[PDB]
Amino acid sequence: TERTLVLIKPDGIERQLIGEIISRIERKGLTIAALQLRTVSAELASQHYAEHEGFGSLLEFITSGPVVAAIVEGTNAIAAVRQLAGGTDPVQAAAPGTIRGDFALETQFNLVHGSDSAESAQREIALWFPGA
Amino acid sequence: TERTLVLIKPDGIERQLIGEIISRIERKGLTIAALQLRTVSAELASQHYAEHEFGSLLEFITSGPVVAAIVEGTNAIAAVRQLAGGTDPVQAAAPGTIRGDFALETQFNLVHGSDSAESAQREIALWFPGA
Amino acid sequence: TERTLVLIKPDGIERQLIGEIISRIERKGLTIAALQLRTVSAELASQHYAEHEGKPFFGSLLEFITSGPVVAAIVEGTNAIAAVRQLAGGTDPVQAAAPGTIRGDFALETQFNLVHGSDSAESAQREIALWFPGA
Amino acid sequence: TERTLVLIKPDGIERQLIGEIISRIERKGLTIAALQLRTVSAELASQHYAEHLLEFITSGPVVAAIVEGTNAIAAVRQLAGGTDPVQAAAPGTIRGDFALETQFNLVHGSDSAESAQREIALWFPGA
Amino acid sequence: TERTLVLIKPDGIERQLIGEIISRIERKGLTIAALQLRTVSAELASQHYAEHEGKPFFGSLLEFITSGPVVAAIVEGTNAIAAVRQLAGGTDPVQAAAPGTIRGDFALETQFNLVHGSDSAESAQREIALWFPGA
Amino acid sequence: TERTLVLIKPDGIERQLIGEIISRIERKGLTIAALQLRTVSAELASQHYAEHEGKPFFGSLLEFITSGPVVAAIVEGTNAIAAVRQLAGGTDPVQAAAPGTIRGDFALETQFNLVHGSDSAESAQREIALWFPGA
């Protein structure tokens, strides 16, 4: 079954939105296959954002506090999670009714991430949940 | 007053979304003029999906109970379509709609609202003759 | 499997709480086995409320339930009868109904308390036979 | 910090949507800097409506608020949705979720920094 | 019609619960007759809390209510006073307040218990005259 | 600060209530200090439920907790232990749990009652040491 990696970033945790974000995923019909609150090392951090090198503040913010990582599974999971999350700019791009559209104001603090493609999902799941 | 037919499909019932879907209709300012849980016969299925003349739609609509409703209010036809969302829950339906919030694939997209005044008249006459 | 009768009274409909009430039943883990919006005749009203004929509030009960459409449902599941009574809350929405129940969250007066669920196995059998005679 | 004026119109109050609208503003991460239920005079109404109504805003009480936060002006417009609740407003907005027609579309937020300044001075002079 | 005073305390505001609390009141079927976000003066804090004069936590109550803005409201409707008390929950959010109440759902300690509703007809009349003189 | 162990049981996961449960904890004002979806070994189950060993329903508790994944969490905050027990509701979801609690709102039978919170300071310390031995 199709799987994607979801991260609730440190701002999502600080705003007490862990449950809200997971609920939205569940009500969409997707399942949580793996789930863990964790701290992010600079090492893990630079690997996650490797496709950004040419980027430096994403390493810093993702390490500023705990995140929640999840494997999300179900039909069309990758695109479904992107749809739920919304566009990168929470006010200019993200649609009302999305996580970013309902809950966020700025790109730098946009709460969540979902893998952007089958290839990204594969890489990110291997990085965050190696052995899954 | 303007009226439309709403169908909560078998997947909507199986996923315990009857209340959620009706609430969204009510909160939009529309009223429930008629409402019934029922089984769907083969002949009714083909009349409902006459424009789509297809085998999967007919097969699925008869696989379990559905909830049929007449929904009434200003701009009710277009309002129900807005609430339900586009046909593909992921590719077309907007976030904030029934399909966009709750569904993953077209074959299992939970709900139907009449697409036009002509369709509403036909579908209401079909599902609630005498209404 | 255990079944009970649920009625959404005319005030429940007028206040656009049909969905909210059905959602609470569904989230509790119960299933909707039958469901219909309908008008209540005096004959139906008098039978449904027969156990109250000797009570001073009997009259108003009959006309209120006939004042507008209601939604009737068969609700099914483990402990369905007690579970529905728990969800609905006590008769007086402020003095008896707990916070978190339908009456506790949405209502103010006994005469406008939104919903009814059968009060026992015996009442459930009776009320289901009355409202849904082929069920 | 950026601020904007929010009005919950008489239909918003009549439909018991005060809390729902405030919550949506709060969940977005914006703060309520000022808040007041009041009646609207014709002289006030006419000031509020000059660029663009006058009959409805005076038909019942409204709730006025100052809403503050990063990108507050555009964020409130996004939350509220387009003017026509069915033709323009997105699902997920206040108008898209709760309204049917333009004349009864529940809520208003300032449309620009200039409008916000003018409207706040009008509804909350001294703020 | 029956009227009561509701205060959303500074912690209610700081935790972005203004909308949540007002929604709970509205869905109960009550109406918001007056509503104002405001700062609280020392003289006002003492008057509001007059009946707590002999309690060891008297100062603390006053010091907290002045620490930030509050929302005051006049809430109106049938059984409004008791209904608001029901919605709000008991004073200790964990030991007393029922689940499904504002305090039960959202708060952990008495000193930060989010909201207040008048506790009687006499209290509502005094508190309304205090917070909204002319209402 | 006070910490407690929370378990979302296999029925809680199967019914897609992970988010709902975590949300109720967060809105109460409590923080999630640790969180993990995991499978439960027989050795773990017998240790977790050791106090029930003499009870008729002991076997059934053990079987069910190993029947599918669970979510384990450390929950932290003022009065966290009592607060979580309040949020969860009494053991029997219909006979004991209050409306407005996780069990009262979402469950029907004791055997499928969705969630667990440590019942005391002693139990919380033991349960945390068991489920999260580095915390």
# chains A, B, ... in the order shown; residues from 1 in each chain; ligands from 1

$ residues_around --residues "residue 56 (chain B)" --least-positions-apart "6" --cutoff "12 Å" --atoms "only C-alpha atoms" --output "PDB file with N, CA, C and O atoms, in the first residue's frame"
ATOM      1  N   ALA B  45     -31.367   2.291  -9.584  1.00  0.00           N
ATOM      2  CA  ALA B  45     -29.964   2.599  -9.805  1.00  0.00           C
ATOM      3  C   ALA B  45     -29.720   3.065 -11.247  1.00  0.00           C
ATOM      4  O   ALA B  45     -28.997   4.038 -11.479  1.00  0.00           O
ATOM      5  N   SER B  46     -30.332   2.374 -12.210  1.00  0.00           N
ATOM      6  CA  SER B  46     -30.135   2.691 -13.628  1.00  0.00           C
ATOM      7  C   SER B  46     -30.812   3.993 -14.057  1.00  0.00           C
ATOM      8  O   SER B  46     -30.339   4.670 -14.974  1.00  0.00           O
ATOM      9  N   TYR B  49     -28.540   6.832 -12.472  1.00  0.00           N
ATOM     10  CA  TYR B  49     -27.342   6.956 -13.296  1.00  0.00           C
ATOM     11  C   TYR B  49     -27.636   6.803 -14.793  1.00  0.00           C
ATOM     12  O   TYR B  49     -26.862   6.177 -15.515  1.00  0.00           O
ATOM     13  N   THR B  62     -25.926  -0.443  -4.987  1.00  0.00           N
ATOM     14  CA  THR B  62     -26.816  -1.504  -4.532  1.00  0.00           C
ATOM     15  C   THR B  62     -26.145  -2.457  -3.547  1.00  0.00           C
ATOM     16  O   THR B  62     -26.769  -3.417  -3.085  1.00  0.00           O
ATOM     17  N   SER B  63     -24.884  -2.186  -3.222  1.00  0.00           N
ATOM     18  CA  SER B  63     -24.101  -3.064  -2.353  1.00  0.00           C
ATOM     19  C   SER B  63     -24.459  -2.898  -0.876  1.00  0.00           C
ATOM     20  O   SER B  63     -24.111  -3.738  -0.046  1.00  0.00           O
ATOM     21  N   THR B 106     -12.340   8.314  -6.363  1.00  0.00           N
ATOM     22  CA  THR B 106     -13.636   8.583  -7.001  1.00  0.00           C
ATOM     23  C   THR B 106     -14.700   7.514  -6.746  1.00  0.00           C
ATOM     24  O   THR B 106     -15.827   7.839  -6.397  1.00  0.00           O
ATOM     25  N   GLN B 107     -14.343   6.241  -6.901  1.00  0.00           N
ATOM     26  CA  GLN B 107     -15.322   5.177  -6.702  1.00  0.00           C
ATOM     27  C   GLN B 107     -15.921   5.180  -5.295  1.00  0.00           C
ATOM     28  O   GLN B 107     -17.036   4.700  -5.094  1.00  0.00           O
ATOM     29  N   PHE B 108     -15.191   5.725  -4.325  1.00  0.00           N
ATOM     30  CA  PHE B 108     -15.676   5.788  -2.952  1.00  0.00           C
ATOM     31  C   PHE B 108     -15.704   7.232  -2.463  1.00  0.00           C
ATOM     32  O   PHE B 108     -14.933   7.620  -1.586  1.00  0.00           O
TER      33      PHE B 108
END

$ residues_around --residues "region 3-8 of chain B" --least-positions-apart "5" --cutoff "8 Å" --atoms "only C-alpha atoms" --output "ChimeraX atom specification"
/B:13,18,21,66-73,76-77,80,110-114,117,120-121,123-124

$ interface_residues --of "chain F" --to "chain A" --cutoff "6 Å" --atoms "only C-alpha atoms" --output "PDB file with N, CA and C atoms, in the first residue's frame"
ATOM      1  N   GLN F  16      -9.595   4.816  14.397  1.00  0.00           N
ATOM      2  CA  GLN F  16      -9.070   6.114  13.982  1.00  0.00           C
ATOM      3  C   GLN F  16      -9.350   7.228  14.988  1.00  0.00           C
ATOM      4  N   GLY F  19      -5.812  10.841  16.866  1.00  0.00           N
ATOM      5  CA  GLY F  19      -5.848  12.303  16.870  1.00  0.00           C
ATOM      6  C   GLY F  19      -6.838  12.892  17.859  1.00  0.00           C
ATOM      7  N   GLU F  20      -8.053  12.347  17.883  1.00  0.00           N
ATOM      8  CA  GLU F  20      -9.084  12.796  18.811  1.00  0.00           C
ATOM      9  C   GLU F  20      -8.601  12.722  20.266  1.00  0.00           C
ATOM     10  N   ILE F  22      -5.418  12.464  21.423  1.00  0.00           N
ATOM     11  CA  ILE F  22      -4.280  13.320  21.699  1.00  0.00           C
ATOM     12  C   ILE F  22      -4.772  14.775  21.788  1.00  0.00           C
ATOM     13  N   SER F  23      -5.722  15.142  20.929  1.00  0.00           N
ATOM     14  CA  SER F  23      -6.305  16.503  20.962  1.00  0.00           C
ATOM     15  C   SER F  23      -6.946  16.854  22.308  1.00  0.00           C
ATOM     16  N   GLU F  26      -4.187  17.551  24.754  1.00  0.00           N
ATOM     17  CA  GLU F  26      -3.587  18.848  24.502  1.00  0.00           C
ATOM     18  C   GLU F  26      -4.485  20.007  24.923  1.00  0.00           C
ATOM     19  N   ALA F  34       6.423  12.199  25.385  1.00  0.00           N
ATOM     20  CA  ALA F  34       6.934  11.075  24.606  1.00  0.00           C
ATOM     21  C   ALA F  34       5.734  10.426  23.944  1.00  0.00           C
ATOM     22  N   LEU F  35       5.978   9.769  22.815  1.00  0.00           N
ATOM     23  CA  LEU F  35       4.903   9.247  21.982  1.00  0.00           C
ATOM     24  C   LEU F  35       5.469   8.202  21.032  1.00  0.00           C
ATOM     25  N   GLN F  36       4.873   7.016  21.037  1.00  0.00           N
ATOM     26  CA  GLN F  36       5.322   5.958  20.137  1.00  0.00           C
ATOM     27  C   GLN F  36       4.244   4.933  19.812  1.00  0.00           C
ATOM     28  N   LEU F  37       4.062   4.668  18.525  1.00  0.00           N
ATOM     29  CA  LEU F  37       3.225   3.565  18.082  1.00  0.00           C
ATOM     30  C   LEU F  37       4.084   2.306  18.123  1.00  0.00           C
TER      31      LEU F  37
END

$ interface_residues --of "chain E" --to "chain F" --cutoff "6 Å" --atoms "only C-alpha atoms" --output "VMD selection string"
chain E and resid 94 99 to 100 105 to 107

$ calpha_fit_rmsd --fixed "chain E" --moving "chain C"
0.2 Å

$ select_by_dssp --residues "region 65-123 of chain D" --states "strand (DSSP E)" --output "list in words"
residues 65, 66, 67, 68, 107, 108 and 109 of chain D

$ closest_atom_pairs --of "chain B" --to "chain D" --cutoff "8 Å" --atoms "only C-alpha atoms" --output "tab-separated table"
residue	atom	partner	partner_atom	distance
B:24	CA	D:97	CA	7.5
B:27	CA	D:98	CA	5.6
B:28	CA	D:98	CA	4.1
B:29	CA	D:98	CA	6.3
B:74	CA	D:100	CA	6.5
B:75	CA	D:100	CA	6.5
B:78	CA	D:86	CA	7.0
B:79	CA	D:86	CA	5.8
B:82	CA	D:86	CA	6.9
B:83	CA	D:91	CA	6.7
B:94	CA	D:91	CA	6.8
B:95	CA	D:91	CA	6.8
B:96	CA	D:92	CA	4.3
B:97	CA	D:91	CA	5.8

$ closest_atom_pairs --of "chain A" --to "chain B" --cutoff "9 Å" --atoms "only C-alpha atoms" --output "JSON lines"
{"residue": "A:24", "atom": "CA", "partner": "B:101", "partner_atom": "CA", "distance": 7.5}
{"residue": "A:25", "atom": "CA", "partner": "B:101", "partner_atom": "CA", "distance": 8.9}
{"residue": "A:26", "atom": "CA", "partner": "B:102", "partner_atom": "CA", "distance": 8.7}
{"residue": "A:27", "atom": "CA", "partner": "B:102", "partner_atom": "CA", "distance": 5.6}
{"residue": "A:28", "atom": "CA", "partner": "B:102", "partner_atom": "CA", "distance": 4.1}
{"residue": "A:29", "atom": "CA", "partner": "B:103", "partner_atom": "CA", "distance": 6.3}
{"residue": "A:30", "atom": "CA", "partner": "B:104", "partner_atom": "CA", "distance": 8.4}
{"residue": "A:74", "atom": "CA", "partner": "B:104", "partner_atom": "CA", "distance": 8.4}
{"residue": "A:75", "atom": "CA", "partner": "B:104", "partner_atom": "CA", "distance": 6.4}
{"residue": "A:76", "atom": "CA", "partner": "B:104", "partner_atom": "CA", "distance": 6.4}
{"residue": "A:77", "atom": "CA", "partner": "B:104", "partner_atom": "CA", "distance": 8.0}
{"residue": "A:79", "atom": "CA", "partner": "B:90", "partner_atom": "CA", "distance": 6.9}
{"residue": "A:80", "atom": "CA", "partner": "B:90", "partner_atom": "CA", "distance": 5.8}
{"residue": "A:83", "atom": "CA", "partner": "B:90", "partner_atom": "CA", "distance": 6.9}
{"residue": "A:84", "atom": "CA", "partner": "B:95", "partner_atom": "CA", "distance": 6.7}
{"residue": "A:86", "atom": "CA", "partner": "B:95", "partner_atom": "CA", "distance": 8.4}
{"residue": "A:95", "atom": "CA", "partner": "B:95", "partner_atom": "CA", "distance": 6.8}
{"residue": "A:96", "atom": "CA", "partner": "B:95", "partner_atom": "CA", "distance": 6.9}
{"residue": "A:97", "atom": "CA", "partner": "B:96", "partner_atom": "CA", "distance": 4.3}
{"residue": "A:98", "atom": "CA", "partner": "B:95", "partner_atom": "CA", "distance": 5.8}

$ select_by_dssp --residues "region 51-109 of chain F" --states "alpha helix (DSSP H)" --output "list in words"
residues 58, 59, 60, 61, 62, 63, 64, 65, 80, 81, 82, 83, 84, 85, 86, 87, 88, 102, 103, 104, 105 and 106 of chain F

$ write_last_selection --atoms "N, CA, C and O atoms" --output "PDB file, in the first residue's frame"
ATOM      1  N   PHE F  58      -8.553 -11.341  33.394  1.00  0.00           N
ATOM      2  CA  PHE F  58      -7.121 -11.128  33.225  1.00  0.00           C
ATOM      3  C   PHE F  58      -6.628 -11.610  31.859  1.00  0.00           C
ATOM      4  O   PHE F  58      -5.960 -10.873  31.135  1.00  0.00           O
ATOM      5  N   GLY F  59      -6.958 -12.850  31.517  1.00  0.00           N
ATOM      6  CA  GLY F  59      -6.554 -13.412  30.245  1.00  0.00           C
ATOM      7  C   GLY F  59      -6.948 -12.517  29.089  1.00  0.00           C
ATOM      8  O   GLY F  59      -6.146 -12.261  28.190  1.00  0.00           O
ATOM      9  N   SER F  60      -8.184 -12.027  29.124  1.00  0.00           N
ATOM     10  CA  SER F  60      -8.733 -11.224  28.038  1.00  0.00           C
ATOM     11  C   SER F  60      -8.054  -9.858  27.887  1.00  0.00           C
ATOM     12  O   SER F  60      -7.952  -9.338  26.774  1.00  0.00           O
ATOM     13  N   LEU F  61      -7.595  -9.272  28.994  1.00  0.00           N
ATOM     14  CA  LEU F  61      -6.856  -8.009  28.910  1.00  0.00           C
ATOM     15  C   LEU F  61      -5.534  -8.227  28.194  1.00  0.00           C
ATOM     16  O   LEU F  61      -5.141  -7.435  27.340  1.00  0.00           O
ATOM     17  N   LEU F  62      -4.855  -9.309  28.552  1.00  0.00           N
ATOM     18  CA  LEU F  62      -3.558  -9.647  27.971  1.00  0.00           C
ATOM     19  C   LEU F  62      -3.660  -9.886  26.471  1.00  0.00           C
ATOM     20  O   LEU F  62      -2.837  -9.409  25.695  1.00  0.00           O
ATOM     21  N   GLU F  63      -4.653 -10.671  26.074  1.00  0.00           N
ATOM     22  CA  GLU F  63      -4.823 -11.024  24.677  1.00  0.00           C
ATOM     23  C   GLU F  63      -5.072  -9.772  23.859  1.00  0.00           C
ATOM     24  O   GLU F  63      -4.433  -9.533  22.837  1.00  0.00           O
ATOM     25  N   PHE F  64      -6.010  -8.964  24.318  1.00  0.00           N
ATOM     26  CA  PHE F  64      -6.396  -7.806  23.535  1.00  0.00           C
ATOM     27  C   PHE F  64      -5.268  -6.796  23.320  1.00  0.00           C
ATOM     28  O   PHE F  64      -5.116  -6.259  22.224  1.00  0.00           O
ATOM     29  N   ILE F  65      -4.480  -6.532  24.354  1.00  0.00           N
ATOM     30  CA  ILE F  65      -3.425  -5.532  24.243  1.00  0.00           C
ATOM     31  C   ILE F  65      -2.329  -5.969  23.267  1.00  0.00           C
ATOM     32  O   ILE F  65      -1.591  -5.137  22.753  1.00  0.00           O
ATOM     33  N   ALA F  80      -1.341  16.205  36.141  1.00  0.00           N
ATOM     34  CA  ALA F  80      -1.477  15.403  34.920  1.00  0.00           C
ATOM     35  C   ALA F  80      -2.124  14.048  35.153  1.00  0.00           C
ATOM     36  O   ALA F  80      -2.870  13.573  34.315  1.00  0.00           O
ATOM     37  N   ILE F  81      -1.844  13.425  36.291  1.00  0.00           N
ATOM     38  CA  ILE F  81      -2.359  12.077  36.533  1.00  0.00           C
ATOM     39  C   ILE F  81      -3.874  12.070  36.688  1.00  0.00           C
ATOM     40  O   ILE F  81      -4.573  11.336  35.982  1.00  0.00           O
ATOM     41  N   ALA F  82      -4.378  12.886  37.610  1.00  0.00           N
ATOM     42  CA  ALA F  82      -5.815  13.028  37.807  1.00  0.00           C
ATOM     43  C   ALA F  82      -6.505  13.593  36.554  1.00  0.00           C
ATOM     44  O   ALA F  82      -7.608  13.173  36.186  1.00  0.00           O
ATOM     45  N   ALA F  83      -5.858  14.543  35.892  1.00  0.00           N
ATOM     46  CA  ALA F  83      -6.440  15.150  34.692  1.00  0.00           C
ATOM     47  C   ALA F  83      -6.686  14.114  33.598  1.00  0.00           C
ATOM     48  O   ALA F  83      -7.720  14.113  32.935  1.00  0.00           O
ATOM     49  N   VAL F  84      -5.710  13.252  33.373  1.00  0.00           N
ATOM     50  CA  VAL F  84      -5.879  12.229  32.354  1.00  0.00           C
ATOM     51  C   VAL F  84      -6.984  11.243  32.732  1.00  0.00           C
ATOM     52  O   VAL F  84      -7.808  10.882  31.912  1.00  0.00           O
ATOM     53  N   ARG F  85      -7.019  10.825  33.982  1.00  0.00           N
ATOM     54  CA  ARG F  85      -8.115   9.973  34.432  1.00  0.00           C
ATOM     55  C   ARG F  85      -9.482  10.635  34.254  1.00  0.00           C
ATOM     56  O   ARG F  85     -10.448   9.982  33.845  1.00  0.00           O
ATOM     57  N   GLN F  86      -9.556  11.938  34.515  1.00  0.00           N
ATOM     58  CA  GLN F  86     -10.787  12.683  34.273  1.00  0.00           C
ATOM     59  C   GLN F  86     -11.173  12.665  32.789  1.00  0.00           C
ATOM     60  O   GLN F  86     -12.330  12.440  32.429  1.00  0.00           O
ATOM     61  N   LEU F  87     -10.201  12.925  31.923  1.00  0.00           N
ATOM     62  CA  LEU F  87     -10.448  12.962  30.481  1.00  0.00           C
ATOM     63  C   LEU F  87     -10.865  11.608  29.924  1.00  0.00           C
ATOM     64  O   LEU F  87     -11.653  11.522  28.972  1.00  0.00           O
ATOM     65  N   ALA F  88     -10.282  10.551  30.478  1.00  0.00           N
ATOM     66  CA  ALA F  88     -10.534   9.206  29.976  1.00  0.00           C
ATOM     67  C   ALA F  88     -11.920   8.688  30.368  1.00  0.00           C
ATOM     68  O   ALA F  88     -12.641   8.136  29.535  1.00  0.00           O
ATOM     69  N   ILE F 102     -13.487  10.474  27.006  1.00  0.00           N
ATOM     70  CA  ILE F 102     -13.158   9.627  25.859  1.00  0.00           C
ATOM     71  C   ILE F 102     -14.037   8.388  25.855  1.00  0.00           C
ATOM     72  O   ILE F 102     -14.688   8.067  24.857  1.00  0.00           O
ATOM     73  N   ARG F 103     -14.103   7.700  26.989  1.00  0.00           N
ATOM     74  CA  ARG F 103     -14.915   6.490  27.034  1.00  0.00           C
ATOM     75  C   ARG F 103     -16.411   6.781  26.918  1.00  0.00           C
ATOM     76  O   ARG F 103     -17.119   6.073  26.218  1.00  0.00           O
ATOM     77  N   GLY F 104     -16.880   7.827  27.592  1.00  0.00           N
ATOM     78  CA  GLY F 104     -18.283   8.181  27.538  1.00  0.00           C
ATOM     79  C   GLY F 104     -18.725   8.583  26.135  1.00  0.00           C
ATOM     80  O   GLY F 104     -19.848   8.282  25.716  1.00  0.00           O
ATOM     81  N   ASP F 105     -17.852   9.258  25.396  1.00  0.00           N
ATOM     82  CA  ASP F 105     -18.264   9.742  24.069  1.00  0.00           C
ATOM     83  C   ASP F 105     -18.151   8.712  22.961  1.00  0.00           C
ATOM     84  O   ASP F 105     -18.924   8.759  21.984  1.00  0.00           O
ATOM     85  N   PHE F 106     -17.208   7.780  23.107  1.00  0.00           N
ATOM     86  CA  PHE F 106     -16.780   6.944  21.990  1.00  0.00           C
ATOM     87  C   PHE F 106     -16.882   5.418  22.198  1.00  0.00           C
ATOM     88  O   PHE F 106     -16.703   4.672  21.250  1.00  0.00           O
TER      89      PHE F 106
END

$ interface_residues --of "chain D" --to "chain E" --cutoff "12 Å" --atoms "only C-alpha atoms" --output "short mmCIF file (atom, residue, chain, number, x, y, z; two decimals) with C-alpha atoms, in the first residue's frame"
data_model
loop_
_atom_site.label_atom_id
_atom_site.label_comp_id
_atom_site.auth_asym_id
_atom_site.auth_seq_id
_atom_site.Cartn_x
_atom_site.Cartn_y
_atom_site.Cartn_z
CA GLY D 12 -23.84 36.34 12.16
CA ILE D 13 -25.30 37.17 15.56
CA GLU D 14 -28.81 35.91 14.72
CA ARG D 15 -27.33 32.59 13.61
CA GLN D 16 -25.28 32.05 16.79
CA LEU D 17 -22.00 32.18 14.94
CA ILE D 18 -20.10 34.68 17.13
CA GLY D 19 -18.03 31.99 18.81
CA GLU D 20 -17.46 30.03 15.61
CA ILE D 21 -16.04 33.09 13.82
CA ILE D 22 -13.83 34.15 16.72
CA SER D 23 -12.47 30.60 17.05
CA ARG D 24 -11.50 30.52 13.41
CA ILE D 25 -9.59 33.76 13.89
CA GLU D 26 -7.91 32.46 17.04
CA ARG D 27 -6.98 29.04 15.57
CA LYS D 28 -5.30 30.85 12.68
CA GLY D 29 -2.93 32.22 15.31
CA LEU D 30 -4.31 35.76 15.39
CA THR D 31 -5.22 37.66 18.53
CA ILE D 32 -8.33 39.59 19.52
CA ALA D 33 -7.03 43.01 20.55
CA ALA D 34 -10.47 44.57 21.02
CA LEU D 35 -14.00 43.28 21.00
CA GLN D 36 -17.44 44.82 21.39
CA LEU D 37 -21.10 44.02 20.81
CA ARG D 38 -22.95 47.16 19.76
CA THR D 39 -25.73 48.80 17.80
CA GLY D 60 -29.60 44.54 14.69
CA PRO D 61 -26.50 44.37 16.89
CA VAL D 62 -23.09 43.58 15.45
CA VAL D 63 -19.81 42.49 16.94
CA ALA D 64 -16.74 44.56 16.15
CA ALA D 65 -13.20 43.37 16.77
CA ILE D 66 -9.63 44.46 16.26
CA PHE D 124 -12.49 51.92 17.88
CA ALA D 127 -7.29 52.21 19.72
#

$ interface_residues --of "chain A" --to "chain D" --cutoff "7 Å" --atoms "only C-alpha atoms" --output "PDB file with N, CA, C and O atoms, in the first residue's frame"
ATOM      1  N   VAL A  91      -0.858  31.629   3.974  1.00  0.00           N
ATOM      2  CA  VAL A  91      -1.856  32.642   3.653  1.00  0.00           C
ATOM      3  C   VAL A  91      -2.005  32.855   2.149  1.00  0.00           C
ATOM      4  O   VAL A  91      -3.118  32.983   1.651  1.00  0.00           O
ATOM      5  N   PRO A  96      -8.075  27.499   2.263  1.00  0.00           N
ATOM      6  CA  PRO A  96      -8.868  27.325   3.483  1.00  0.00           C
ATOM      7  C   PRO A  96      -9.283  25.855   3.627  1.00  0.00           C
ATOM      8  O   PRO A  96      -9.549  25.177   2.637  1.00  0.00           O
ATOM      9  N   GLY A  97      -9.333  25.359   4.855  1.00  0.00           N
ATOM     10  CA  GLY A  97      -9.659  23.952   5.049  1.00  0.00           C
ATOM     11  C   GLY A  97      -8.480  23.010   5.108  1.00  0.00           C
ATOM     12  O   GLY A  97      -8.636  21.834   5.490  1.00  0.00           O
ATOM     13  N   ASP A 102      -5.839  26.699   7.648  1.00  0.00           N
ATOM     14  CA  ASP A 102      -6.605  26.957   8.860  1.00  0.00           C
ATOM     15  C   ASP A 102      -5.774  27.464  10.045  1.00  0.00           C
ATOM     16  O   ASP A 102      -6.290  28.190  10.886  1.00  0.00           O
ATOM     17  N   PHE A 103      -4.499  27.098  10.109  1.00  0.00           N
ATOM     18  CA  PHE A 103      -3.746  27.246  11.371  1.00  0.00           C
ATOM     19  C   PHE A 103      -2.466  28.079  11.328  1.00  0.00           C
ATOM     20  O   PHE A 103      -1.890  28.357  12.375  1.00  0.00           O
ATOM     21  N   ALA A 104      -2.006  28.465  10.139  1.00  0.00           N
ATOM     22  CA  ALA A 104      -0.696  29.109  10.040  1.00  0.00           C
ATOM     23  C   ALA A 104      -0.727  30.463   9.311  1.00  0.00           C
ATOM     24  O   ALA A 104      -1.649  30.744   8.558  1.00  0.00           O
ATOM     25  N   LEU A 105       0.300  31.272   9.544  1.00  0.00           N
ATOM     26  CA  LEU A 105       0.392  32.631   8.999  1.00  0.00           C
ATOM     27  C   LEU A 105       1.612  32.838   8.105  1.00  0.00           C
ATOM     28  O   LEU A 105       1.561  33.660   7.183  1.00  0.00           O
TER      29      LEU A 105
END

$ residues_around --residues "residue 47 (chain B)" --least-positions-apart "2" --cutoff "12 Å" --atoms "only C-alpha atoms" --output "list in words"
residues 40, 41, 42, 43, 44, 45, 49, 50, 51, 52, 53, 54, 57, 58, 119, 122, 123, 124, 125, 126 and 127 of chain B

$ atom_distance --atom1 "CA of residue 10 (chain E)" --atom2 "CA of residue 134 (chain E)"
24.6 Å

$ residues_around --residues "residue 44 (chain A)" --least-positions-apart "3" --cutoff "10 Å" --atoms "only C-alpha atoms" --output "PyMOL selection string"
chain A and resi 39-41+47-49+59+63+127-128

$ closest_atom_pairs --of "chain B" --to "chain C" --cutoff "7 Å" --atoms "only C-alpha atoms" --output "CSV"
residue,atom,partner,partner_atom,distance
B:16,CA,C:26,CA,5.7
B:18,CA,C:23,CA,7.0
B:19,CA,C:19,CA,4.0
B:20,CA,C:23,CA,6.0
B:22,CA,C:19,CA,4.6
B:23,CA,C:19,CA,4.1
B:26,CA,C:16,CA,5.7
B:34,CA,C:37,CA,5.6
B:35,CA,C:37,CA,5.1
B:36,CA,C:36,CA,4.5
B:37,CA,C:35,CA,5.1

$ residues_around --residues "residue 115 (chain F)" --least-positions-apart "2" --cutoff "7 Å" --atoms "only C-alpha atoms" --output "PyMOL selection string"
chain F and resi 7-9+12+88+113+117

$ write_last_selection --atoms "N, CA and C atoms" --output "tab-separated table (two decimals), in the first residue's frame"
chain	number	residue	atom	x	y	z
F	7	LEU	N	-2.02	5.12	27.28
F	7	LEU	CA	-1.98	4.11	26.23
F	7	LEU	C	-3.23	4.29	25.39
F	8	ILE	N	-3.06	4.36	24.08
F	8	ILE	CA	-4.20	4.21	23.20
F	8	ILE	C	-4.20	2.75	22.79
F	9	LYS	N	-5.28	2.04	23.14
F	9	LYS	CA	-5.35	0.59	22.97
F	9	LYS	C	-5.66	0.26	21.52
F	12	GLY	N	-8.64	1.80	19.90
F	12	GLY	CA	-8.48	3.23	19.68
F	12	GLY	C	-7.79	3.51	18.35
F	88	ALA	N	-10.28	10.55	30.48
F	88	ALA	CA	-10.53	9.21	29.98
F	88	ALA	C	-11.92	8.69	30.37
F	113	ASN	N	-12.48	-0.26	25.59
F	113	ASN	CA	-12.65	1.07	26.17
F	113	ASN	C	-11.49	2.03	25.82
F	117	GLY	N	-5.07	5.54	31.37
F	117	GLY	CA	-4.17	6.48	32.02
F	117	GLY	C	-3.78	5.91	33.37

$ atom_distance --atom1 "CA of residue 55 (chain B)" --atom2 "CA of residue 78 (chain A)"
28.7 Å
